[PDB]
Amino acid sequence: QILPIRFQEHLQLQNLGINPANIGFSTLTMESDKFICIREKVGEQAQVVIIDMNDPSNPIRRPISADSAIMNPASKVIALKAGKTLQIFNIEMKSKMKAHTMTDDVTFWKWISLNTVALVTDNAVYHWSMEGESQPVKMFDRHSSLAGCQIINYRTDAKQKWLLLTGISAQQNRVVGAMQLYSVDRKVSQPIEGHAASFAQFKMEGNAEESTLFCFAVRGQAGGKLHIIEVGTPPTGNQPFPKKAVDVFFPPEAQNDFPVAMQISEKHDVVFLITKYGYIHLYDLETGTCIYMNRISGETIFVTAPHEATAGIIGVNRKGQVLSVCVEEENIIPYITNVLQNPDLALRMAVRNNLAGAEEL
């Protein structure tokens, strides 16, 4: 009856007059837990609806002529585009801060930091800093293994030295993930089969410096795997982080399911994995040990972000439910000791992340 995670419903977007036809991947963006943006045609007029998560009942509607809108993670600063035309607005100042005209259509973009926008075209990936008069800079050329994929995500490590572009396609009647991992320092791309990924910072006991970890989940022919790998040469003095591989279970009735989102808690050093068809998984970042699995919904959660408050994950499903999952800090250690019968893991996590319940085992 005790669970190692807590669910929370924050919002139903249909209670704010959002039309369910605009609650999907291409029209609703949530770049952080602070804002949701929804593009709606209301009559002849395209609008953006901006939901301040601190003031959810008072959304603002504004006319637009943008094909895409993404809010900055921290600030009421919005990035808008129409084809090759990119504009950045400070909404409170009602002021155009920056503009750039690309020579290619931007097929995917997102904020990768407080101050940087990543742009994906048919053939390349760019970073656009909001500092000063910075224009977009090419990071790498897209690998041929992603040619004709739907681009679904782009992620980087904290220092923006490891870059990961993720595409999906239909091959032999399943959804196949094609990732491109790029080293900024070595100027090499590695194609990887993968569905969802995140980077993370992790300091091993007996290490002075944090390790940079690359975590990805895949449903291959082999089946479900999660990988946790140090990228880059360890900081000098550091022990290397030993690579972990573990299975990702799919039940027999979820033969068509696959991973769609990953967030890592650096407070708890856990990996949250969400599948296309409504399953949640929790893994230990250090060992890859599966802690917990369950169905949220039949419903696809199509966008997620870190949930800063709970060091968890927040998302929106096609119904317009805004839902978060985090570690239940009171239950996780008892749950691992008693339900998982893993006092070893229970005790490690208890002292590593300063949690209660490994006093008695």
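Just so we're on the same page, rigid core means the largest C-alpha set that superposes within 1.5 Å between forms. Sequential numbering from 1, following the sequence displayed.
- Of 189 to 197 and 169 to 177, the stretch whose C-alpha atoms sit farther from the shown form in 8 other deposited structures of this protein, after fitting on the rigid core, is 169 to 177.
- Taken in 8 other deposited structures of this protein and fitted on the core, 125 to 133 and 239 to 247 differ in how far their Cα atoms move from the shown form, and the one that moves more is 125 to 133.
- Across the two stretches, 163 to 171 and 219 to 227, the PDB entry reports the greater mean Cα temperature factor for 219 to 227.
- Averaged over their C-alpha atoms, the temperature factors of 128 to 136 and 230 to 238 are higher for 230 to 238.
- Of the candidates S65, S57, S32, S68, the PDB record gives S57 the highest C-alpha temperature factor.
- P259: CA B factor lies in the middle third for its chain, per the PDB record.
- Among all modelled residues in this chain, the alpha-carbon of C326 has a temperature factor (C-alpha) in the middle third.
- Ranked against the other modelled residues of its chain, the C-alpha B-factor of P73 as given in the entry falls in the lowest third.
- For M293, the recorded CA temperature factor ranks within the highest third of the chain's modelled residues.
- When the modelled residues of the chain are ordered by their C-alpha B factor, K41 lands in the highest third.
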